[PDB]
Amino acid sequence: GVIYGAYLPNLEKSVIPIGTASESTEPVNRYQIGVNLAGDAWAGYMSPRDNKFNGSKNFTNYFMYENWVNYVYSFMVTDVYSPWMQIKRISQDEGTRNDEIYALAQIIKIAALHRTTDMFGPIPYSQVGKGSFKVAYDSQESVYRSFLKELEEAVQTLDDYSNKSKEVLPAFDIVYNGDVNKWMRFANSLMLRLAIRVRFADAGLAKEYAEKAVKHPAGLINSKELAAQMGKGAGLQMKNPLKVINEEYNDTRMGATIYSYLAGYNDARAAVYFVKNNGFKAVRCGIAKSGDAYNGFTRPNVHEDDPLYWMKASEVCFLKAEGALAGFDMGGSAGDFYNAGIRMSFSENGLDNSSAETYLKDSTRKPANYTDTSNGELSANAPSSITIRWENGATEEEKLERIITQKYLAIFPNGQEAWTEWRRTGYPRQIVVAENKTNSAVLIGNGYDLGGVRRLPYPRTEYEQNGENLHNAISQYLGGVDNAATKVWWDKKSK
C-alpha cells in the first residue's frame, strides 16, 4: 500500500520528535523545548550549559513561556493527529477496510498522545475529526480508559491478522519493519505502563489492564532486541536529536539530581550515559545565567545514530515490580522483577552481568552530596539516602522508592516519562531549583511530594480559537485553575 508510505513514517516521527538527516535540526528544536528543557530538566537528568533562554526565564526556572507552550501543544497535537486522520480515512472510511493498518496506527497514536495528555491533562480526543473546527475536550480519565480499551482491541485485531500474515506495511515501518508480533508486544507493554499509571486514581482499572497485559499470550517486550525504538528501519536512518543539542548547540550538561544517584552508587552506567573523562561535574537546574561557568562540565555520551527509545525491556520489569507491590497478579515478587530490571538495564547498556550482580547486592552506598566547583552557593545535600539492595522487610514506600529510582536510571534519557513518574510517585527525590521565576504558581517544593511542575498550562492559541470548549475543560477538570501548579487526574498522591 504505497498510499500509506507518506503518513506512517510521519506518524511514527511524531511520537518523540525525530527525523532523517535531510529533515533534522528543525525537529531537534522541538525535542530541545519539549523534552530536553522540559522533562529532562524537571526530572533532574540534564541542565542547560548556560540558562540564557528568553532572558533566563524559561521552563528550567518554572517560567512557562507562552511561545514555547504554543509550540509544544502544536507538535504534540496537530503533528500527531494529521497523519493519523489520513490513515484512518484510507484504512477505515474508503472501500474495503484494512483493520490491521488501523490497529497499527492506533498503537502509534496512543504512544504519542499518552505523553500529550500526561503533559496537559484534558485534551481533544473523542471529538477530533467529526467535522468541527472547535473541538471539545475529553477528561484525562476518559482518555486513559479509552487508551486501555483501544490497545486491547488493537492487539486482538493484530492477533487475528497474525494467522494471515506476519507483516504489516513492512517497507514503511521504521520501528519494527512491519513485524506484527513485535507490535503486539509493544502494545501489551504500553498497556502495562498506562495501567500502573492509573493505580492511585483507580486501583480497579489498574488491576484489570495490568493483569490483561502480563497474561496476554503474545507477550511483552522482554529482551533488548524487542525494544520499541527509532533508529534504523524501513531503509531510513533516524538522527539522534540529543547529539545535535549536545555537539552543535552546546546547550546541555549532566543534571545534579541524576549525578547524586549515579555517583553515590558508583554506577557503571554513569560512564555509558555521560562522558566521564577525569570525573563527573554536574549542573543544577533552575539557576541564574552563568556564561561560560559550566563549559567544562559533563556532557551526555551520545552519537549521531544512537537509537531513541519509546520503551526499553528493563522498564517492563520495573512496571511488573510495582504491579506486584500493588497486589496485582504479575507472576512474581516485587524483589525478583526489581533485580531482573537492574540486570536487564546493565545488559541494555553493554555492561557485563558480574557488574550487575555486585550492584544489586550493594546495601551500603547512598546517593552523593552535590558540590558545584564553580559556585559553592549552589551545592546541595543528597536528596535521598535509599540504598540499592532490595529489602523484603522495608516499608511499602521504601519499596516503591527503590523500584522507581532504579527504573529512572534504566529509562534514561526519557525525561518525559521520568517527569511523569516523579509527579505520580515523588521518586526519585530531586534536588530542588535554586531560583523560581514562575508565572504559573509553581512551588519550589521539597523535591518529593510537594511542588514542581505538575503540568503545562494550556496554550494561548486554544484561548484564541477554542475558548468556549477550553473554559469548559478547565472548569470541569482543573478546578477552574489553568496553571502549572494544578494536578492532572492520575496525580493523586502529591500535596
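All residue numbers are counted from 1 along the displayed sequence.
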Mean C-alpha B-factor comparison - 127-135 and 179-187, higher one: 127-135
Relative C-alpha B-factor of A334, binned into the chain's lowest, middle or highest third: highest
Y259 - Cα temperature factor, lowest/middle/highest third of chain: lowest
Chain-wide C-alpha B factor ranking for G447, given as lowest, middle or highest third: lowest
Relative C-alpha B-factor of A111, binned into the chain's lowest, middle or highest third: lowest
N29 by Cα B-factor - lowest, middle or highest third of the modelled chain: middle
